[PDB]
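**Q** One structure, pasted below without further comment.
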Amino acid sequence: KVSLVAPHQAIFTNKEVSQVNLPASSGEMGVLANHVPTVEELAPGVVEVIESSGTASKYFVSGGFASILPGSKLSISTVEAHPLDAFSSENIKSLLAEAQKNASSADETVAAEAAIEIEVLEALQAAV
Amino acid sequence: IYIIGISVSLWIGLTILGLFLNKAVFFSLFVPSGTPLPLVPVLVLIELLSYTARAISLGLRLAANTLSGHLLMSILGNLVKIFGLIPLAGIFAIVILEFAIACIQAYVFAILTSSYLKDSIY
Amino acid sequence: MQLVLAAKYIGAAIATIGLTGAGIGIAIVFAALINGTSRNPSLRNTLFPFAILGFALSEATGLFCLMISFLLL
Amino acid sequence: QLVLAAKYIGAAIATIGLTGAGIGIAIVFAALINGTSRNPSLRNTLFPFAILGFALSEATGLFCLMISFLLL
Amino acid sequence: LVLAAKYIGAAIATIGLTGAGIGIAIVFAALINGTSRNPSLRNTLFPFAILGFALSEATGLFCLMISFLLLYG
Amino acid sequence: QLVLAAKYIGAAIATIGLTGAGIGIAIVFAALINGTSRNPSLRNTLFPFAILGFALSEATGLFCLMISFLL
Amino acid sequence: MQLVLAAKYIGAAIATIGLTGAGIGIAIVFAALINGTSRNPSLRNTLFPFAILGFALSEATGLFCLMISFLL
Amino acid sequence: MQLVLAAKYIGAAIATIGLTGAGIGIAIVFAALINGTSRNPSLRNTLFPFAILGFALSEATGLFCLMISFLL
Amino acid sequence: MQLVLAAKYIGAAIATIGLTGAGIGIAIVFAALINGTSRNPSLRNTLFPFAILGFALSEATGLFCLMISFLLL
Amino acid sequence: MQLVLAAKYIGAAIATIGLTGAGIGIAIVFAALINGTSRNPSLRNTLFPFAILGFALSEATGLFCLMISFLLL
Amino acid sequence: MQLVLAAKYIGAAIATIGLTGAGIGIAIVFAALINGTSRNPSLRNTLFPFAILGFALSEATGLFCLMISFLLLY
Amino acid sequence: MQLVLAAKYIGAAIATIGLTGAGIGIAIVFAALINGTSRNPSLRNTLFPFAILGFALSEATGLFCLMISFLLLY
Amino acid sequence: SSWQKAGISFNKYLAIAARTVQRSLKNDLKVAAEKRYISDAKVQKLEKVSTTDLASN
C-alpha cells in the first residue's frame with residue numbers, strides 16, 4: 001500500500017505494493033507491511049519500491065516528504081520522480097562541471113545555489 | 001584566610017534562615033508541594049538545612065584557591081633539577097581559572113538567595 | 001600514635017573519589033550549552049546566565065570534598 | 001588507639017557520595033539550558049522546576065557530609 | 001575491638017548516595033524537557049514529579065538509617 | 001571479637017547495591033513522564049506498566065537490604 | 001576459628017554489589033517498552049512477550065549472586 | 001588452615017562483582033529489540049535471530065565468572 | 001607457603017572485575033546492529049562484517065584478563 | 001615511622017582515581033563541539049570560545065587531584 | 001622476600017581491573033560505525049578508515065596497562 | 001624496605017585505575033566524528049582538526065597517571 | 001543545507017531541486033518540461049489603491 005503521487009502524474013496511486021525503500025533526511029529508511037507513523041523529509045536519492053518478488057522499480061526522486069499514515073499507508077509526495085534509465089551519463093557530467101566552477105565565485109545566492117546542485121548530481125551519478 | 005572565610009560564611013547562612021522564619025509568622029507557611037500523597041515533613045533537607053550546605057560550598061572558594069597556589073612548591077623542585085617551560089603555561093591557566101571562579105561563586109550565592117526571597121512571599 | 005598517623009595518609013586518598021562527579025559535571029553543562037547555542041538563538045544572556053551559575057553549583061562538590069582530604073593531611 | 005585511628009577512615013569513604021551530588025547539578029542544568037532555547041520558558045515556568053530540583057538533588061551531599069564531619 | 005569496626009560502617013554505607021542524588025536529577029531532566037513541548041504545566045507532569053521523586057529518595061533514606069544505627073546502637 | 005567486628009562492616013558493604021535501585025526507580029519514571037506528554041497515555045494504559053515496572057526494579061533493593069539487616 | 005567467622009560476613013556483603021546491574025536492568029527494559037507502546041502500537045502483544053521474557057533473563061544475575069552470599 | 005579458608009570466602013564475593021556487566025548486557029539487547037520491533041517489521045525473524053545469538057554472547061561473561069567463585 | 005596460597009585465591013577474584021567491559025561490549029555492538037537492521041536494508045553481509053569483526057575485538061579484553069587469573073590458580 | 005612510610009605510597013595511588021572524570025570530560029566537551037559544528041555554522045568564535053573555556057574547567061579536577069598524590073611522595 | 005612476593009601477585013590483579021575502559025572502547029567505535037554506515041553512503045574507506053585508526057588509539061590503554069601487571073609477575 | 005617495599009608494588013596497580021577514563025575518551029571522540037562526518041562533508045580539516053586536538057587532551061590524563069605508577073616501581 | 005539563514009523556505013528549496021534534476025537528465029527527453037521552470041508572472045505590493053515598483057525577479 002503506497003501513495004507515491006507526484007505533482008504531474010501518479011505512480012503508485014492505488015494500494016498494490018509491499019515494500020518500498022526511499023532515502024529520507026536521516027538515513028535510507030524502508031517501509032515494510034504495517035509501517036509505523038513517521039513523517040520525515042525525503043532527500044535527493046533513489047526511491048525503490050519492491051513489488052512482491054524482484055520486480056522493483058528504481059525511481060530517482062528529487063526530494064520531498066515521505067508521509068507514513070497509521071493505517072499501513074505510505075504517501076511519498078515528491079516533485080520529480082524519474083527512473084534510473086531515463087538519465088544520460090554524458091549530460092550529467094556537464095551539469096556537475098558547471099556547478100563546481102560557479103561555486104564560491106560570486107555573491108548573493110549564486111554561490112549558495114551551486115553547492116546544493118553539486119551534491120545532488122554526485123549522488124545520482126554514483127548509482128548507475 | 002581559611003578560618004576567616006568559614007566564620008564569615010556561617011554568619012550569612014544564619015541570616016538567611018532567620019529572615020525566612022520571621023516572614024512565616026504573618027504570611028502562613030506550608031512551603032510544600034501536595035499531590036495526593038504524604039511524608040512531606042520527613043524530607044526537610046532544604047530551607048534551614050540548605051543554608052548550612054550552601055555556606056560551606058560558597059566559603060570553600062577561598063580554601064580551594066589557596067590550594068592551587070600552594071601546589072607550586074612540589075613542581076618547583078622538579079623543574080630546577082623534558083623542558084621546564086610546560087610548568088609556566090599550566091600555572092597561568094590555573095591562575096586564570098581561580099580568579100574567574102570568584103565571579104562564578106558570587107553569582108551562585110546571589111542566585112540561591114533569590115529563591116528564598118521569592119518563596120517566602122508566595 | 002602510630003596507627004593514627006598512618007590513617008591520615010589513607011584518609012586523603014579515598015576522600016578524593018568525588019572528583020569524578022565534579023570533573024564530569026563541568027563538561028556536562030558545557031556540552032549542552034555548546035550544542036544548544038547553534039540552534040538559534042540562546043547566545044547573549046538568557047542561557048549564558050544559567051551556564052555560569054550552573055557550572056559553579058556542579059563544581060561545589062569538588063571544593064567541599066577537597067577540604068576533607070586537606071584537613072587530614 | 002583503635003577508635004582514634006578509625007576516625008580518619010570514617011570520613012574518607014563517606015565522601016564517595018559527592019559523585020551523585022556533583023553530577024546531579026549538571027544533569028538538571030543540561031536539560032534546562034537545552035530546553036530554554038526552544039522558546040520561550042525563561043522567567044518562572046521552567047526556572048522554578050530547575051531551582052527546586054537543584055536543591056533536592058543537593059540534599060544527598062549535605063547528608064553525607066554531616067556523617068564525615070561528625071567522625072572527624 | 002568493636003569500636004574500630006563501628007566507624008567503618010558509617011563510611012562505606014554512604015556509597016549508595018550516588019543513585020539517590022542522580023535519580024533526583026534524572027526525573028527532573030525529563031520533566032523540564034517535557035514541559036517545554038506544550039503544555040504539561042498545571043498538574044499532569046508537575047504532580048507526577050512529586051510522587052516520582054519520593055520513590056527514588058526511598059533508597060537513600062533506608063541506606064542512611066543503617067549507617068546511623070551503627071554509630072549510636 | 002573478630003566475628004562481632006565483621007558483622008558491623010557487613011551492613012555497609014551490602015548497602016552498595018542501592019545505586020541500582022535508586023536510579024532504576026527514576027529511569028522508569030523519566031520515560032513515563034516524557035511519553036505521557038505525547039497524548040494521550042494518562043489514565044490506565046501506561047499507568048499499569050509504570051506501577052508494575054517499578055515493583056520489579058524495587059525487588060533487588062528489598063532482597064539486598066535483608067542480608068545486611070540479618071547480621 | 002575467628003578467621004573463618006570473620007570471612008563469612010565479608011563474603012556475604014561484598015557479593016551483593018552486583019545488585020546495581022540487576023536493579024537497573026529491569027528498569028532499562030521497562031523504559032524502552034513504555035516509550036514505544038505510546039506510538040505504534042498496542043501493549044497486550046508483540047512488545048508484551050519481549051518485556052516479560054527480557055525481564056526474566058536480566059533477573060537471573062541477581063538470583064544467582066544471592067545464593068553465594070546466602071551460602072557463606 | 002585459617003588463612004586458606006579466609007581467602008576462599010573473600011574470593012567468592014569479589015568474583016561476584018562482575019554480575020553488573022552481565023545483568024545490564026541482557027537488558028541492553030532487549031531494550032533495542034523492543035524499540036526496534038515497533039518501527040516495523042522484524043518480529044519473528046531478522047531481529048529475532050540476532051537477539052537470541054546476541055544474548056548468548058553477553059551471558060558468557062556471567063557463566064565464566066560464576067565458575068571462579070564456585071571453585072574457590 | 002601460606003602467603004603464596006592466600007594471595008593466589010584473592011588474585012583470581014580481583015582479576016575477574018574486567019568482565020563488565022567485555023560483557024557490556026558484546027551487547028553494545030548488538031544493540032546498534034539490531035536497531036540498524038530494522039531501518040533497511042543492510043542485512044546479509046555488507047554491515048554484517050563489521051558486527052562480527054567488532055564482537056571479536058571487544059572480546060579480546062575478556063580473554064586476555066582470564067589468562068591472568070587462570071595462571072595464578 | 002614504618003606505618004607512615006607505607007601509607008604514603010598507597011595514598012598516592014588511590015588518590016589518582018579521579019582521572020576517570022577528568023579524562024572523560026575532555027572527550028564529552030569535544031563530542032558536542034564536533035557534532036554541533038556540522039549543523040552550519042558554529043565555527044569561527046561562538047562555539048569556539050565555549051570549547052576552550054569549557055575544557056579548562058573540566059581539566060581543573062585532574063590538576064587538583066594530582067597535587068594530593070604528588071605531595072604525599 | 002616473603003612480603004615482596006605477596007605484593008607482586010596482588011599487583012597483577014588490581015591492574016587487570018582497568019580492562020573495562022579498553023573493552024568498551026572497541027564497542028563504542030563499532031556501534032557508531034555500524035549505525036552510520038546504514039545512513040548512506042560512506043561504505044568503502046572514508047568512515048571505515050577512522051574505525052581502524054580509532055580502534056588502535058583506544059587499544060593503547062589496554063596494552064600499556066597489561067605491561068605493568070606483566071612486569072610485576074616476571 | 002619491608003613495609004615500604006610492599007607498598008611500592010601495590011601502588012603501581014591501584015594507580016592504573018585511571019585508564020578507564022582515558023581509554024573510553026578516545027572512543028567517545030571517535031564516535032561523534034564518525035557519525036558527524038556522514039552529514040556531508042566534514043572531511044579535510046574542520047572536524048579532523050578538532051578530533052586530533054581533542055584526542056591529545058583526553059590522552060594527557062592517561063600519560064600523567066602512568067608516570068606516577070612508573071616512578072614507584074623504579 | 002543552510003537554507004534557514006536566508007530567505008529560502010520549503011517552497012523555494014523544492015523548486016530549485018526539481019529544476020536542477022530535470023536539466024541534468026536527458027536532453028532529448030525534455031518534451032513538455034521547460035514550461036514548468038519558466039514563468040513570466042510579476043508581483044506588485046499595493047498600499048492604501050496605489051502600488052509600488054513591480055518586481056518579477
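Within each chain, counting starts at residue 1; across the C-alpha cells, chains are named A, B, ... in the order shown, with ligands numbered 1 upward in that order.
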Just asking: which residues within chain E are helix (DSSP H, G or I) according to DSSP, as a PyMOL selection string?
**A** chain E and resi 3-8+12-35+45-56+58-70
**Q** Residual C-alpha RMSD for chain H onto chain G, least squares, all atoms in order?
**A** 0.6 Å
**Q** At a cut-off of 12 Å, can you tabulate as JSON lines every residue of chain F near chain D together with its closest atom pair and the distance in Å to one decimal, using only C-alpha atoms and ordering rows by chain then number?
**A**
```
{"residue": "F:9", "atom": "CA", "partner": "D:10", "partner_atom": "CA", "distance": 11.7}
{"residue": "F:12", "atom": "CA", "partner": "D:14", "partner_atom": "CA", "distance": 10.6}
{"residue": "F:13", "atom": "CA", "partner": "D:13", "partner_atom": "CA", "distance": 11.2}
{"residue": "F:16", "atom": "CA", "partner": "D:17", "partner_atom": "CA", "distance": 11.0}
{"residue": "F:18", "atom": "CA", "partner": "D:17", "partner_atom": "CA", "distance": 11.9}
{"residue": "F:19", "atom": "CA", "partner": "D:20", "partner_atom": "CA", "distance": 9.5}
{"residue": "F:22", "atom": "CA", "partner": "D:20", "partner_atom": "CA", "distance": 11.2}
{"residue": "F:23", "atom": "CA", "partner": "D:20", "partner_atom": "CA", "distance": 10.5}
```
**Q** Which RMSD value, in Å, describes how well chain C fits onto chain J when all C-alpha atoms are paired in order and fitted by least squares?
**A**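 For chain J versus chain C, the C-alpha RMSD is 0.3 Å.
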**Q** Enter the distance from atom CA of residue 48 of chain B to atom CA of residue 12 of chain B, in Å, rounded to one decimal.
**A**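 Those two atoms sit 12.5 Å apart.
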**Q** Excluding same-chain residues fewer than 2 positions from segment 9-26 of chain E, what lies within 7 Å of it counting only C-alpha atoms, as a VMD selection string?
**A** (chain D and resid 10 to 11 13 to 14 16 to 17 19 to 21 23 to 24 27 to 28 53 56 to 57 60 64) or (chain E and resid 5 to 7 28 to 30 53 56 to 57 59 to 60 63 67 to 68 70) or (chain F and resid 8 to 9 11 to 13 15 to 20 22 to 23 26 30)
**Q** Near chain K, meaning an atom within 6 Å, which residues of chain I appear when counting only C-alpha atoms? Write them as a JSON list (two decimals) with N, CA and C atoms, in the first residue's frame.
**A**
```
[["chain", "number", "residue", "atom", "x", "y", "z"],
["I", 11, "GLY", "N", 43.89, -13.09, 44.05],
["I", 11, "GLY", "CA", 44.25, -12.54, 42.75],
["I", 11, "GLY", "C", 43.34, -13.00, 41.63],
["I", 14, "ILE", "N", 39.98, -10.74, 41.98],
["I", 14, "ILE", "CA", 40.09, -9.33, 41.62],
["I", 14, "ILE", "C", 40.33, -9.18, 40.13],
["I", 15, "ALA", "N", 40.91, -10.19, 39.49],
["I", 15, "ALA", "CA", 41.15, -10.13, 38.05],
["I", 15, "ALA", "C", 39.88, -10.32, 37.24],
["I", 17, "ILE", "N", 37.19, -8.66, 37.62],
["I", 17, "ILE", "CA", 36.42, -7.43, 37.58],
["I", 17, "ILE", "C", 36.34, -6.85, 36.17],
["I", 18, "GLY", "N", 37.23, -7.26, 35.28],
["I", 18, "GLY", "CA", 37.23, -6.80, 33.91],
["I", 18, "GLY", "C", 36.17, -7.41, 33.01],
["I", 21, "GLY", "N", 33.42, -4.89, 31.24],
["I", 21, "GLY", "CA", 33.66, -4.23, 29.97],
["I", 21, "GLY", "C", 33.50, -5.17, 28.79],
["I", 22, "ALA", "N", 33.88, -6.44, 28.96],
["I", 22, "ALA", "CA", 33.73, -7.42, 27.89],
["I", 22, "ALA", "C", 32.29, -7.89, 27.74],
["I", 25, "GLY", "N", 30.34, -4.96, 26.23],
["I", 25, "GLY", "CA", 30.80, -4.64, 24.89],
["I", 25, "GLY", "C", 30.12, -5.45, 23.81],
["I", 29, "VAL", "N", 27.47, -3.63, 20.76],
["I", 29, "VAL", "CA", 27.54, -3.81, 19.31],
["I", 29, "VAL", "C", 26.29, -4.50, 18.80],
["I", 32, "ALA", "N", 23.28, -1.77, 18.50],
["I", 32, "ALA", "CA", 23.34, -0.90, 17.33],
["I", 32, "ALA", "C", 23.05, -1.68, 16.05],
["I", 36, "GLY", "N", 19.82, -0.90, 13.61],
["I", 36, "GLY", "CA", 20.15, -0.51, 12.25],
["I", 36, "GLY", "C", 19.61, -1.44, 11.18],
["I", 54, "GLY", "N", 33.58, -6.70, 14.97],
["I", 54, "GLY", "CA", 33.58, -5.84, 16.14],
["I", 54, "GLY", "C", 33.39, -6.59, 17.44],
["I", 58, "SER", "N", 36.13, -6.68, 20.85],
["I", 58, "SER", "CA", 35.73, -6.37, 22.22],
["I", 58, "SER", "C", 35.92, -7.57, 23.14],
["I", 61, "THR", "N", 39.54, -8.33, 25.33],
["I", 61, "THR", "CA", 39.84, -7.87, 26.68],
["I", 61, "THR", "C", 39.44, -8.90, 27.73]]
```
**Q** Would you give me, as a VMD selection string, the residues of chain G that come within 8 Å of chain H, using only C-alpha atoms?
**A** chain G and resid 1 3 to 4 6 to 8 10 to 22 24 to 26 28 to 29 32 to 33 36 40 to 41 46 to 47 50 to 51 54 to 55 57 to 62 65 68 to 69 72
**Q** Using only C-alpha atoms, determine which residues lie at most 9 Å from residue 78 of chain A, disregarding the query and same-chain residues fewer than 2 positions distant; provide the list as a CSV table (one decimal) with N, CA, C and O atoms, in the first residue's frame.
**A**
```
chain,number,residue,atom,x,y,z
A,4,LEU,N,2.5,7.0,-3.8
A,4,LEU,CA,3.5,7.9,-4.4
A,4,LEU,C,2.9,8.6,-5.6
A,4,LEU,O,2.9,8.2,-6.7
A,5,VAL,N,2.4,9.8,-5.3
A,5,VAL,CA,1.8,10.7,-6.3
A,5,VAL,C,2.6,11.9,-6.4
A,5,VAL,O,2.9,12.6,-5.4
A,6,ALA,N,3.0,12.2,-7.6
A,6,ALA,CA,3.8,13.4,-7.9
A,6,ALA,C,2.9,14.6,-8.2
A,6,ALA,O,1.7,14.5,-8.0
A,7,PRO,N,3.5,15.7,-8.7
A,7,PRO,CA,2.6,16.9,-9.0
A,7,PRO,C,2.4,17.0,-10.5
A,7,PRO,O,2.1,18.1,-11.0
A,42,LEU,N,12.2,13.8,2.7
A,42,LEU,CA,12.9,13.0,1.8
A,42,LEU,C,14.0,13.8,1.1
A,42,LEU,O,13.8,14.9,0.7
A,61,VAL,N,14.0,10.0,-7.1
A,61,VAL,CA,13.2,11.1,-6.6
A,61,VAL,C,14.1,12.3,-6.4
A,61,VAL,O,15.3,12.2,-6.0
A,62,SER,N,13.6,13.5,-6.6
A,62,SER,CA,14.3,14.7,-6.4
A,62,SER,C,14.2,15.3,-5.0
A,62,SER,O,14.8,16.3,-4.7
A,63,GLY,N,13.5,14.6,-4.1
A,63,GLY,CA,13.3,15.1,-2.7
A,63,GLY,C,11.9,15.5,-2.5
A,63,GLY,O,11.2,16.2,-3.3
A,64,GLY,N,11.4,15.2,-1.3
A,64,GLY,CA,10.0,15.5,-0.9
A,64,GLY,C,9.8,15.3,0.6
A,64,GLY,O,10.5,15.8,1.4
A,65,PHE,N,8.7,14.6,0.9
A,65,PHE,CA,8.3,14.3,2.3
A,65,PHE,C,7.6,13.0,2.3
A,65,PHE,O,6.4,12.9,1.9
A,66,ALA,N,8.3,12.0,2.9
A,66,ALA,CA,7.7,10.7,3.0
A,66,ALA,C,6.8,10.6,4.2
A,66,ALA,O,7.3,10.6,5.3
A,76,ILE,N,4.4,9.1,-0.5
A,76,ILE,CA,5.6,9.7,-0.9
A,76,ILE,C,5.3,10.8,-1.9
A,76,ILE,O,5.2,10.5,-3.1
A,80,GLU,N,9.7,15.6,-8.5
A,80,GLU,CA,10.0,14.9,-9.7
A,80,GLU,C,10.4,13.4,-9.3
A,80,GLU,O,11.2,13.2,-8.3
A,81,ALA,N,10.0,12.5,-10.1
A,81,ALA,CA,10.3,11.1,-9.9
A,81,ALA,C,10.5,10.4,-11.3
A,81,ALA,O,9.5,10.2,-12.0
M,14,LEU,N,12.3,23.3,-2.7
M,14,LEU,CA,11.8,22.2,-3.5
M,14,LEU,C,11.8,22.5,-5.0
M,14,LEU,O,11.9,21.6,-5.8
```
**Q** Have a look at atom CA of residue 43 of chain I and atom CA of residue 12 of chain A and let me know their distance in Å, one decimal.
**A**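 Taking atom CA of residue 43 of chain I and atom CA of residue 12 of chain A, their separation equals 26.4 Å.
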**Q** Using atom CA of residue 39 of chain F and atom CA of residue 32 of chain E as the two end points, give the distance in Å to one decimal.
**A**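 It comes out at 17.1 Å.
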**Q** May I ask you to extract the residues of chain I within 9 Å of chain A, using only C-alpha atoms, and to give them as an NGL selection string?
**A** :I and (38-41)
